[PDB]
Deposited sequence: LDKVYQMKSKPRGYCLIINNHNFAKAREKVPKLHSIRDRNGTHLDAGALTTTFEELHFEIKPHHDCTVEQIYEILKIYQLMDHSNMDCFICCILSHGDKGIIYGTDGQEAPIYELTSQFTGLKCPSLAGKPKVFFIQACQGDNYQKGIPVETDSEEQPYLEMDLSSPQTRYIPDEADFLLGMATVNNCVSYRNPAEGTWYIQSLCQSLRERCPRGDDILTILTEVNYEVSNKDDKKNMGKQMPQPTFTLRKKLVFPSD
């Protein structure tokens, strides 16, 4: 007949929004990262996701400029916690990065695998069977994505199931953040979320639109293009209604 992830729980779930702005500690220490600026505007997305996942009945839990070590702890905390009364868990990371890593205030990497695998079914029995969403707004290479002309438009479950992973950009390429408005991915993720959620559409449907928008957004300057790319090991349609 069918299947959809349960979202009843009044307080849906937490929303660790790790917003990274100051990379001063890093410009000093890590030599390679000395010619690195700060992520100005991150605040607009931080207040953008907060607003979004608010109407979506999520108990947001914001976090300042965190360094790798802190991040890991922050995550090791919401892992030993009980999420039974929660039917969903979301985590958003905003900061610089590179090939499958996410830099922290300090300046040292932190492989995504080591962050996302922190909430498997084993590590967190409470979230087992419940959708675990991760949105990673960061770079993933130094290469700019070229743009081609389209000319149109009771039992046991696997340990790593129920995973949604939103990647601001494909690998090896760069993410775009605008100081005045915010970042493409994160902004589309919302403008597209905050609008399609009322009309009951799953996230998998919504992310396809997001790929559409950011695929149109063009870096007027260095002929750039950004192409998001999600990955999921979900078992049912993920959808959250509101009021």
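Deposited-sequence segments unaccounted for in the coordinates: Gap vs deposited seq: just 154 to 168.
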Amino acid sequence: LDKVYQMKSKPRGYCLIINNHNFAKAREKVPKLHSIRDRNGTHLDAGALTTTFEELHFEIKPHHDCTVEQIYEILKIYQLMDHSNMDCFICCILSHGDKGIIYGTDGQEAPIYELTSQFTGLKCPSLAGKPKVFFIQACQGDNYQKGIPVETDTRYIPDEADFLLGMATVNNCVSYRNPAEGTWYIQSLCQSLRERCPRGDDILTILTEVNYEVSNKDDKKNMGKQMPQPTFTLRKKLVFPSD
From here on, numbers count along this sequence of modelled residues.
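Which has higher Cα B-factors on average according to the PDB entry: 65 to 73 or 186 to 194? According to the PDB entry, the answer is 65 to 73.
Higher-scoring stretch by recorded Cα B factor average, 169 to 177 or 144 to 152: It is 144 to 152 that shows the higher mean C-alpha B-factor.
Considering only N19, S9, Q226, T233, which residue's Cα atom bears the greatest B-factor as recorded? Each of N19, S9, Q226, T233 was compared by C-alpha B-factor; the highest is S9.
Name the one of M86, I101, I157, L94 with the greatest CA B-factor according to the PDB entry. If I rank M86, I101, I157, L94 by C-alpha B-factor, first place goes to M86.
Can you tell me which third, lowest, middle or highest, the CA B-factor of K29 falls into for its chain? Its C-alpha B-factor belongs to the highest third of this chain's values.
What third of the chain, by the recorded C-alpha B-factor, contains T105? Lowest third, going by the recorded CA B-factors of the chain.
For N216, return the chain-relative third of its C-alpha B-factor as stated in the PDB record: lowest, middle or highest. For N216, the deposited C-alpha B-factor lands in the highest third.
Going by what the PDB entry lists, where does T52 fall on CA B-factor within its chain: lowest, middle or highest third? Within its chain, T52 is a lowest-third residue by C-alpha B-factor, going by the deposited values.
Where the record places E209 (Cα B-factor, split into thirds across the chain): Bottom third by C-alpha B-factor.
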